[PDB]
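Shown next: protein_14.pdb, given as PDB, C-alpha atoms and all ligand atoms.
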ATOM      1  CA  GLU A   1     145.007  81.553 177.532  1.00  0.00           C
ATOM      2  CA  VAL A   2     143.598  80.072 174.284  1.00  0.00           C
ATOM      3  CA  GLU A   3     141.718  76.785 174.029  1.00  0.00           C
ATOM      4  CA  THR A   4     141.727  74.946 170.698  1.00  0.00           C
ATOM      5  CA  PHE A   5     138.937  72.532 169.826  1.00  0.00           C
ATOM      6  CA  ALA A   6     138.211  70.242 166.920  1.00  0.00           C
ATOM      7  CA  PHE A   7     134.956  70.675 165.093  1.00  0.00           C
ATOM      8  CA  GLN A   8     132.735  67.655 165.143  1.00  0.00           C
ATOM      9  CA  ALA A   9     133.336  65.792 161.915  1.00  0.00           C
ATOM     10  CA  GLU A  10     129.945  66.661 160.491  1.00  0.00           C
ATOM     11  CA  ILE A  11     130.534  70.388 160.999  1.00  0.00           C
ATOM     12  CA  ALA A  12     133.980  70.219 159.453  1.00  0.00           C
ATOM     13  CA  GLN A  13     132.306  68.508 156.480  1.00  0.00           C
ATOM     14  CA  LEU A  14     129.696  71.319 156.278  1.00  0.00           C
ATOM     15  CA  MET A  15     132.422  73.937 156.301  1.00  0.00           C
ATOM     16  CA  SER A  16     134.426  72.136 153.565  1.00  0.00           C
ATOM     17  CA  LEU A  17     131.324  71.893 151.442  1.00  0.00           C
ATOM     18  CA  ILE A  18     130.624  75.605 151.780  1.00  0.00           C
ATOM     19  CA  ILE A  19     134.244  76.481 151.032  1.00  0.00           C
ATOM     20  CA  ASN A  20     134.820  74.077 148.123  1.00  0.00           C
ATOM     21  CA  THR A  21     131.524  73.979 146.204  1.00  0.00           C
ATOM     22  CA  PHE A  22     131.294  76.179 143.144  1.00  0.00           C
ATOM     23  CA  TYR A  23     128.330  78.443 143.911  1.00  0.00           C
ATOM     24  CA  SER A  24     128.131  82.024 142.679  1.00  0.00           C
ATOM     25  CA  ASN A  25     125.290  83.393 144.864  1.00  0.00           C
ATOM     26  CA  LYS A  26     127.512  84.141 147.838  1.00  0.00           C
ATOM     27  CA  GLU A  27     125.639  87.271 148.956  1.00  0.00           C
ATOM     28  CA  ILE A  28     123.162  85.136 150.977  1.00  0.00           C
ATOM     29  CA  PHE A  29     125.733  85.010 153.825  1.00  0.00           C
ATOM     30  CA  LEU A  30     124.613  88.458 154.891  1.00  0.00           C
ATOM     31  CA  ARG A  31     120.915  87.515 154.974  1.00  0.00           C
ATOM     32  CA  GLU A  32     121.783  84.540 157.109  1.00  0.00           C
ATOM     33  CA  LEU A  33     123.846  86.460 159.653  1.00  0.00           C
ATOM     34  CA  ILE A  34     121.237  89.242 159.888  1.00  0.00           C
ATOM     35  CA  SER A  35     118.581  86.583 160.430  1.00  0.00           C
ATOM     36  CA  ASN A  36     120.692  85.065 163.216  1.00  0.00           C
ATOM     37  CA  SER A  37     121.019  88.508 164.788  1.00  0.00           C
ATOM     38  CA  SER A  38     117.247  89.036 164.572  1.00  0.00           C
ATOM     39  CA  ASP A  39     116.676  85.650 166.278  1.00  0.00           C
ATOM     40  CA  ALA A  40     119.128  86.650 169.055  1.00  0.00           C
ATOM     41  CA  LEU A  41     117.381  89.975 169.523  1.00  0.00           C
ATOM     42  CA  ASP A  42     113.991  88.255 169.706  1.00  0.00           C
ATOM     43  CA  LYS A  43     115.307  86.029 172.506  1.00  0.00           C
ATOM     44  CA  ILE A  44     116.473  88.883 174.760  1.00  0.00           C
ATOM     45  CA  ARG A  45     113.282  90.808 173.988  1.00  0.00           C
ATOM     46  CA  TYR A  46     111.182  87.838 175.101  1.00  0.00           C
ATOM     47  CA  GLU A  47     113.153  87.401 178.314  1.00  0.00           C
ATOM     48  CA  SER A  48     112.771  91.112 179.054  1.00  0.00           C
ATOM     49  CA  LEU A  49     108.968  90.956 178.862  1.00  0.00           C
ATOM     50  CA  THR A  50     108.900  89.297 182.280  1.00  0.00           C
ATOM     51  CA  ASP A  51     112.210  90.556 183.726  1.00  0.00           C
ATOM     52  CA  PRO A  52     113.138  94.068 182.597  1.00  0.00           C
ATOM     53  CA  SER A  53     116.493  93.760 184.373  1.00  0.00           C
ATOM     54  CA  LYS A  54     117.584  91.541 181.457  1.00  0.00           C
ATOM     55  CA  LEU A  55     118.164  94.813 179.571  1.00  0.00           C
ATOM     56  CA  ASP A  56     120.347  96.399 182.238  1.00  0.00           C
ATOM     57  CA  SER A  57     123.203  95.414 179.904  1.00  0.00           C
ATOM     58  CA  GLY A  58     121.771  97.491 177.110  1.00  0.00           C
ATOM     59  CA  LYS A  59     118.249  98.635 176.284  1.00  0.00           C
ATOM     60  CA  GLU A  60     118.729  99.190 172.544  1.00  0.00           C
ATOM     61  CA  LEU A  61     117.937  96.278 170.206  1.00  0.00           C
ATOM     62  CA  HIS A  62     119.627  96.796 166.879  1.00  0.00           C
ATOM     63  CA  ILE A  63     121.947  95.499 164.177  1.00  0.00           C
ATOM     64  CA  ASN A  64     124.962  97.437 162.852  1.00  0.00           C
ATOM     65  CA  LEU A  65     126.896  96.577 159.684  1.00  0.00           C
ATOM     66  CA  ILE A  66     130.436  97.909 159.814  1.00  0.00           C
ATOM     67  CA  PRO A  67     132.685  97.624 156.753  1.00  0.00           C
ATOM     68  CA  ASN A  68     136.371  98.378 157.144  1.00  0.00           C
ATOM     69  CA  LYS A  69     138.376  98.425 153.914  1.00  0.00           C
ATOM     70  CA  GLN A  70     141.745  98.923 155.619  1.00  0.00           C
ATOM     71  CA  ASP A  71     141.351  95.764 157.684  1.00  0.00           C
ATOM     72  CA  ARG A  72     139.302  93.988 154.952  1.00  0.00           C
ATOM     73  CA  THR A  73     136.593  93.129 157.445  1.00  0.00           C
ATOM     74  CA  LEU A  74     132.824  93.284 157.508  1.00  0.00           C
ATOM     75  CA  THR A  75     131.438  93.174 161.039  1.00  0.00           C
ATOM     76  CA  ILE A  76     127.833  92.369 161.924  1.00  0.00           C
ATOM     77  CA  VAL A  77     127.008  93.638 165.445  1.00  0.00           C
ATOM     78  CA  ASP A  78     123.812  92.932 167.305  1.00  0.00           C
ATOM     79  CA  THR A  79     122.660  93.560 170.851  1.00  0.00           C
ATOM     80  CA  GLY A  80     120.774  90.303 171.194  1.00  0.00           C
ATOM     81  CA  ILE A  81     120.976  87.670 173.897  1.00  0.00           C
ATOM     82  CA  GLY A  82     124.597  86.743 173.181  1.00  0.00           C
ATOM     83  CA  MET A  83     126.205  83.371 173.806  1.00  0.00           C
ATOM     84  CA  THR A  84     127.784  81.744 176.814  1.00  0.00           C
ATOM     85  CA  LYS A  85     131.145  79.990 176.524  1.00  0.00           C
ATOM     86  CA  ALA A  86     129.222  76.690 176.460  1.00  0.00           C
ATOM     87  CA  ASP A  87     127.084  77.981 173.591  1.00  0.00           C
ATOM     88  CA  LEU A  88     130.143  78.991 171.605  1.00  0.00           C
ATOM     89  CA  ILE A  89     131.700  75.567 172.023  1.00  0.00           C
ATOM     90  CA  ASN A  90     128.378  73.856 171.176  1.00  0.00           C
ATOM     91  CA  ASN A  91     128.437  75.149 167.603  1.00  0.00           C
ATOM     92  CA  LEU A  92     127.506  78.736 168.372  1.00  0.00           C
ATOM     93  CA  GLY A  93     124.236  77.812 170.019  1.00  0.00           C
ATOM     94  CA  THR A  94     122.973  75.666 167.114  1.00  0.00           C
ATOM     95  CA  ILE A  95     121.934  72.060 166.655  1.00  0.00           C
ATOM     96  CA  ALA A  96     124.487  71.907 163.933  1.00  0.00           C
ATOM     97  CA  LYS A  97     125.038  68.148 163.782  1.00  0.00           C
ATOM     98  CA  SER A  98     121.415  67.370 162.909  1.00  0.00           C
ATOM     99  CA  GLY A  99     121.115  70.548 160.813  1.00  0.00           C
ATOM    100  CA  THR A 100     124.083  69.572 158.673  1.00  0.00           C
ATOM    101  CA  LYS A 101     122.702  66.066 158.139  1.00  0.00           C
ATOM    102  CA  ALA A 102     119.451  67.433 156.822  1.00  0.00           C
ATOM    103  CA  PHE A 103     121.158  70.108 154.725  1.00  0.00           C
ATOM    104  CA  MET A 104     123.446  67.629 153.000  1.00  0.00           C
ATOM    105  CA  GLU A 105     120.499  65.349 152.228  1.00  0.00           C
ATOM    106  CA  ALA A 106     118.591  68.312 150.791  1.00  0.00           C
ATOM    107  CA  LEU A 107     121.500  69.355 148.570  1.00  0.00           C
ATOM    108  CA  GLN A 108     121.494  65.835 147.156  1.00  0.00           C
ATOM    109  CA  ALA A 109     117.691  66.078 146.711  1.00  0.00           C
ATOM    110  CA  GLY A 110     117.859  69.271 144.650  1.00  0.00           C
ATOM    111  CA  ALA A 111     118.379  72.077 147.148  1.00  0.00           C
ATOM    112  CA  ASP A 112     121.126  74.680 146.878  1.00  0.00           C
ATOM    113  CA  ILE A 113     123.424  76.391 149.374  1.00  0.00           C
ATOM    114  CA  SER A 114     121.178  79.437 149.627  1.00  0.00           C
ATOM    115  CA  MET A 115     118.735  77.248 151.579  1.00  0.00           C
ATOM    116  CA  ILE A 116     121.185  76.722 154.477  1.00  0.00           C
ATOM    117  CA  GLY A 117     119.125  78.764 156.959  1.00  0.00           C
ATOM    118  CA  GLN A 118     116.235  76.343 156.670  1.00  0.00           C
ATOM    119  CA  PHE A 119     118.588  73.943 158.452  1.00  0.00           C
ATOM    120  CA  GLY A 120     119.640  76.096 161.434  1.00  0.00           C
ATOM    121  CA  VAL A 121     123.252  76.274 160.298  1.00  0.00           C
ATOM    122  CA  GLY A 122     123.229  79.563 158.397  1.00  0.00           C
ATOM    123  CA  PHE A 123     126.113  80.963 160.463  1.00  0.00           C
ATOM    124  CA  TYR A 124     128.515  78.753 158.507  1.00  0.00           C
ATOM    125  CA  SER A 125     127.563  80.527 155.271  1.00  0.00           C
ATOM    126  CA  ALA A 126     130.035  83.159 156.474  1.00  0.00           C
ATOM    127  CA  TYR A 127     132.705  80.946 154.931  1.00  0.00           C
ATOM    128  CA  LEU A 128     131.336  81.712 151.472  1.00  0.00           C
ATOM    129  CA  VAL A 129     133.116  85.047 151.753  1.00  0.00           C
ATOM    130  CA  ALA A 130     135.433  84.920 154.793  1.00  0.00           C
ATOM    131  CA  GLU A 131     138.773  83.228 155.157  1.00  0.00           C
ATOM    132  CA  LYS A 132     138.546  83.690 158.932  1.00  0.00           C
ATOM    133  CA  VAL A 133     135.578  84.464 161.176  1.00  0.00           C
ATOM    134  CA  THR A 134     135.903  85.935 164.684  1.00  0.00           C
ATOM    135  CA  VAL A 135     132.851  85.979 166.962  1.00  0.00           C
ATOM    136  CA  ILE A 136     132.916  88.219 170.053  1.00  0.00           C
ATOM    137  CA  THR A 137     129.970  87.667 172.380  1.00  0.00           C
ATOM    138  CA  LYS A 138     128.614  88.587 175.774  1.00  0.00           C
ATOM    139  CA  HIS A 139     125.621  86.915 177.402  1.00  0.00           C
ATOM    140  CA  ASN A 140     124.128  88.206 180.640  1.00  0.00           C
ATOM    141  CA  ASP A 141     125.097  84.933 182.425  1.00  0.00           C
ATOM    142  CA  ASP A 142     128.764  84.777 181.329  1.00  0.00           C
ATOM    143  CA  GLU A 143     131.892  86.791 180.515  1.00  0.00           C
ATOM    144  CA  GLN A 144     132.899  88.171 177.138  1.00  0.00           C
ATOM    145  CA  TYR A 145     134.480  85.587 174.879  1.00  0.00           C
ATOM    146  CA  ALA A 146     136.093  85.423 171.427  1.00  0.00           C
ATOM    147  CA  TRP A 147     135.608  82.401 169.154  1.00  0.00           C
ATOM    148  CA  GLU A 148     137.592  82.170 165.937  1.00  0.00           C
ATOM    149  CA  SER A 149     138.134  79.765 163.073  1.00  0.00           C
ATOM    150  CA  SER A 150     139.852  79.728 159.694  1.00  0.00           C
ATOM    151  CA  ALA A 151     138.160  76.303 159.090  1.00  0.00           C
ATOM    152  CA  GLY A 152     140.759  73.566 158.698  1.00  0.00           C
ATOM    153  CA  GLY A 153     138.989  71.539 161.349  1.00  0.00           C
ATOM    154  CA  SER A 154     139.550  73.609 164.480  1.00  0.00           C
ATOM    155  CA  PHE A 155     138.333  76.666 166.325  1.00  0.00           C
ATOM    156  CA  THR A 156     139.612  78.630 169.312  1.00  0.00           C
ATOM    157  CA  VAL A 157     137.910  80.155 172.312  1.00  0.00           C
ATOM    158  CA  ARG A 158     139.484  82.750 174.609  1.00  0.00           C
ATOM    159  CA  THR A 159     138.330  85.350 177.105  1.00  0.00           C
ATOM    160  CA  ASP A 160     138.102  88.627 175.265  1.00  0.00           C
ATOM    161  CA  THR A 161     139.999  91.567 176.692  1.00  0.00           C
ATOM    162  CA  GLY A 162     138.871  93.826 173.826  1.00  0.00           C
ATOM    163  CA  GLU A 163     136.349  96.629 174.038  1.00  0.00           C
ATOM    164  CA  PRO A 164     133.517  95.488 176.365  1.00  0.00           C
ATOM    165  CA  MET A 165     130.240  94.939 174.466  1.00  0.00           C
ATOM    166  CA  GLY A 166     127.551  95.102 177.120  1.00  0.00           C
ATOM    167  CA  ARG A 167     125.525  92.257 175.619  1.00  0.00           C
ATOM    168  CA  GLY A 168     125.191  90.659 172.183  1.00  0.00           C
ATOM    169  CA  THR A 169     127.333  89.304 169.426  1.00  0.00           C
ATOM    170  CA  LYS A 170     129.801  90.666 166.889  1.00  0.00           C
ATOM    171  CA  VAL A 171     130.652  88.538 163.858  1.00  0.00           C
ATOM    172  CA  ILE A 172     133.852  89.798 162.211  1.00  0.00           C
ATOM    173  CA  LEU A 173     134.272  88.467 158.671  1.00  0.00           C
ATOM    174  CA  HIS A 174     137.919  88.593 157.477  1.00  0.00           C
ATOM    175  CA  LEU A 175     137.026  88.623 153.803  1.00  0.00           C
ATOM    176  CA  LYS A 176     138.704  86.666 151.082  1.00  0.00           C
ATOM    177  CA  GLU A 177     140.745  88.791 148.688  1.00  0.00           C
ATOM    178  CA  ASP A 178     138.235  88.381 145.854  1.00  0.00           C
ATOM    179  CA  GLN A 179     135.171  89.131 148.014  1.00  0.00           C
ATOM    180  CA  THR A 180     135.751  92.804 148.770  1.00  0.00           C
ATOM    181  CA  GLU A 181     132.544  93.853 146.987  1.00  0.00           C
ATOM    182  CA  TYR A 182     130.882  93.186 150.344  1.00  0.00           C
ATOM    183  CA  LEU A 183     132.649  96.214 151.811  1.00  0.00           C
ATOM    184  CA  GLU A 184     131.101  98.579 149.263  1.00  0.00           C
ATOM    185  CA  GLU A 185     128.192 100.635 150.523  1.00  0.00           C
ATOM    186  CA  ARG A 186     126.099 100.252 147.392  1.00  0.00           C
ATOM    187  CA  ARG A 187     126.510  96.464 147.391  1.00  0.00           C
ATOM    188  CA  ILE A 188     125.649  96.052 151.075  1.00  0.00           C
ATOM    189  CA  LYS A 189     122.606  98.324 150.692  1.00  0.00           C
ATOM    190  CA  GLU A 190     121.440  96.249 147.725  1.00  0.00           C
ATOM    191  CA  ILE A 191     121.723  92.972 149.626  1.00  0.00           C
ATOM    192  CA  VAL A 192     119.958  94.283 152.729  1.00  0.00           C
ATOM    193  CA  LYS A 193     117.100  95.660 150.610  1.00  0.00           C
ATOM    194  CA  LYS A 194     116.745  92.432 148.604  1.00  0.00           C
ATOM    195  CA  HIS A 195     116.898  89.900 151.434  1.00  0.00           C
ATOM    196  CA  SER A 196     116.413  91.626 154.817  1.00  0.00           C
ATOM    197  CA  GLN A 197     113.614  94.075 154.175  1.00  0.00           C
ATOM    198  CA  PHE A 198     111.270  92.553 156.836  1.00  0.00           C
ATOM    199  CA  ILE A 199     113.740  92.309 159.718  1.00  0.00           C
ATOM    200  CA  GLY A 200     112.108  94.013 162.687  1.00  0.00           C
ATOM    201  CA  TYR A 201     115.126  95.810 164.150  1.00  0.00           C
ATOM    202  CA  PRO A 202     117.037  98.822 162.810  1.00  0.00           C
ATOM    203  CA  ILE A 203     119.922  97.862 160.524  1.00  0.00           C
ATOM    204  CA  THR A 204     122.463 100.684 160.351  1.00  0.00           C
ATOM    205  CA  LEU A 205     125.110 100.526 157.638  1.00  0.00           C
ATOM    206  CA  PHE A 206     128.109 102.463 158.855  1.00  0.00           C
ATOM    207  CA  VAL A 207     130.080 104.520 156.382  1.00  0.00           C
ATOM    208  CA  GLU A 208     133.816 104.907 156.132  1.00  0.00           C
ATOM    209  CA  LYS A 209     136.081 107.965 156.130  1.00  0.00           C
TER     210      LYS A 209
HETATM  211  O1  LIG B 301     122.559  74.827 146.601  1.00  0.00           O
HETATM  212  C1  LIG B 301     123.689  74.414 146.336  1.00  0.00           C
HETATM  213  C2  LIG B 301     123.972  73.960 144.937  1.00  0.00           C
HETATM  214  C3  LIG B 301     125.221  73.514 144.533  1.00  0.00           C
HETATM  215  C4  LIG B 301     125.410  73.085 143.229  1.00  0.00           C
HETATM  216  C5  LIG B 301     124.364  73.104 142.330  1.00  0.00           C
HETATM  217  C6  LIG B 301     123.116  73.536 142.728  1.00  0.00           C
HETATM  218  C7  LIG B 301     122.921  73.967 144.029  1.00  0.00           C
HETATM  219  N1  LIG B 301     124.637  74.296 147.291  1.00  0.00           N
HETATM  220  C8  LIG B 301     125.391  75.459 147.756  1.00  0.00           C
HETATM  221  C9  LIG B 301     126.858  75.123 147.835  1.00  0.00           C
HETATM  222  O2  LIG B 301     127.073  74.009 148.695  1.00  0.00           O
HETATM  223  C10 LIG B 301     126.418  72.863 148.160  1.00  0.00           C
HETATM  224  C11 LIG B 301     124.924  73.066 148.036  1.00  0.00           C
END
In structure tokens, write the structure found in this file.
Amino acid sequence: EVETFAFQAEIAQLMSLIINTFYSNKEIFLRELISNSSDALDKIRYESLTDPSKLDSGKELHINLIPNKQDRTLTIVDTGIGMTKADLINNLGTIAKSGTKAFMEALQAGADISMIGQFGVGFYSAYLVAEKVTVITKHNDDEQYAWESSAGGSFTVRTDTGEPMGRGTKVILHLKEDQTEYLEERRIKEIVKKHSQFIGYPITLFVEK
């Protein structure tokens, strides 16, 4: 049972801008997704300080980066707070309408795309490198869901019958054909070292057979 939703017009406009603007410094997508994972992990950590049962779904707080060259996917897994179905529908838990407004003003006032995270909409930087993004998530107060979009103005939400996650979020980037450098170990290591060196959770880069 799959539900299809239209993006709000402002978010569709954000996504078109990210997809269509010539901008070479695409590697910042990974900084932005790791930062989102860190923010999610901070939220479940804070809730656990007064209610340790919040971690019954998983005590470890970490980020895994999983490249798969056969499927052409880079997956960012975290064990943070996750998202409810309502959060997924409401722009993946962001204030994306107001964030887009400010970001588009800033781009016209000199800013560049790399600044997207200062506007709370860094998730959408995934579309610098992905033709399709799938988000699998599990929040303590809801069931496991899959969100997906290839842009084009719509996204889907369905219950996920895949491997249960416990708690957290998995962002699966189905990379564009010309963006496969982001599956190479040396390139991922370089980006994490350059942009994510002060993230306070372990970031494990998985290797491939
Ligand atoms: O920062 C930029 C930017 C674009 C062109 C020239 C200088 C900067 N952007 C990223 C891509 O989307 C638009 C905003």
Subject >> Pick from A:11, A:28, A:86, A:106, whichever lies nearest to residue 192 (chain A) using all atoms listed in the file >> reply: A:28
**OP:** Please write as number ranges by chain the full residue list that the PyMOL selection byres (((chain A and resi 133) around 8) and not hetatm) yields on this file.
**Re:** A: 126-127, 130-132, 134-135, 148-150, 171-174
Subject >> Exercise: residue 43 (chain A) partners within 10 Å, only C-alpha atoms, chain neighbours under 6 positions left out, as JSON, numbers by chain >> reply: {"A": [37, 80, 81, 82]}
Would you write out those residues with C-alpha atoms, as a PDB file, in the coordinates of the input?
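The new file selection_17.pdb reads:
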ATOM      1  CA  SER A  37     121.019  88.508 164.788  1.00  0.00           C
ATOM      2  CA  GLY A  80     120.774  90.303 171.194  1.00  0.00           C
ATOM      3  CA  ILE A  81     120.976  87.670 173.897  1.00  0.00           C
ATOM      4  CA  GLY A  82     124.597  86.743 173.181  1.00  0.00           C
TER       5      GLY A  82
END
Subject >> Contacts with ligand LIG 301 (chain B) at most 6 Å, only C-alpha atoms and all ligand atoms counted, listed as a ChimeraX atom specification >> reply: /A:17-18,21,23,107,111-114
Original post:
Counting all atoms listed in the file, what is within 10 Å of residue 162 (chain A), bar same-chain residues fewer than 3 positions away, as a PyMOL selection string?
Top reply: chain A and resi 136+144-146+159+165
Do you know which residues are at most 12 Å from residue 46 (chain A) counting only C-alpha atoms, after dropping those on the same chain fewer than 4 positions away, and could you put them as a short mmCIF file (atom, residue, chain, number, x, y, z; two decimals) with C-alpha atoms, keeping the file's coordinate frame?
data_model
loop_
_atom_site.label_atom_id
_atom_site.label_comp_id
_atom_site.auth_asym_id
_atom_site.auth_seq_id
_atom_site.Cartn_x
_atom_site.Cartn_y
_atom_site.Cartn_z
CA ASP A 39 116.68 85.65 166.28
CA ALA A 40 119.13 86.65 169.06
CA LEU A 41 117.38 89.98 169.52
CA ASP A 42 113.99 88.26 169.71
CA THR A 50 108.90 89.30 182.28
CA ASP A 51 112.21 90.56 183.73
CA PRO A 52 113.14 94.07 182.60
CA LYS A 54 117.58 91.54 181.46
CA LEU A 55 118.16 94.81 179.57
CA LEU A 61 117.94 96.28 170.21
CA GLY A 80 120.77 90.30 171.19
CA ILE A 81 120.98 87.67 173.90
#
**OP:** Might you spell out which residues the PyMOL selection byres (((chain A and resi 73) around 9) and not hetatm) would select in the displayed file, as an MDAnalysis selection string?
**Re:** chainID A and resid 66:72 74:75 130 172:175 180 183
Original post:
Taking into account only C-alpha atoms, which residue in the set A:179, A:137, A:156, A:125 is nearest to residue 87 (chain A)?
Top reply: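 Closest to residue 87 (chain A), using only C-alpha atoms: A:137.
In terms of minimum interatomic distance to residue 195 (chain A), A:33 ranks closest within A:77, A:12, A:33, A:19, counting all atoms listed in the file.
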**OP:** Step by step, work through what the PyMOL selection byres (((chain A and resi 120-122) around 12) and not hetatm) selects in the shown file, and finish by giving those residues as a ChimeraX atom specification.
**Re:** /A:10-11,14-15,18,28-37,39,91-104,113-119,123-128
**OP:** Would you mind telling me which residue in A:141, A:65, A:85, A:158 lies nearest to residue 185 (chain A) when using only C-alpha atoms?
**Re:**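 Among the listed residues, A:65 lies closest to residue 185 (chain A).
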Original post:
CA of residue 142 (chain A) to CA of residue 83 (chain A): how many Å, to one decimal?
Top reply: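 CA of residue 142 (chain A) sits 8.1 Å away from CA of residue 83 (chain A).
The space between CA of residue 151 (chain A) and CA of residue 7 (chain A) spans 8.8 Å.
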Subject >> From A:157, A:63, A:44, A:9, residue lying nearest residue 196 (chain A) [only C-alpha atoms] >> reply: A:63
Original post:
CA of residue 64 (chain A) and CA of residue 166 (chain A), how far apart in Å?
Top reply: 14.7 Å
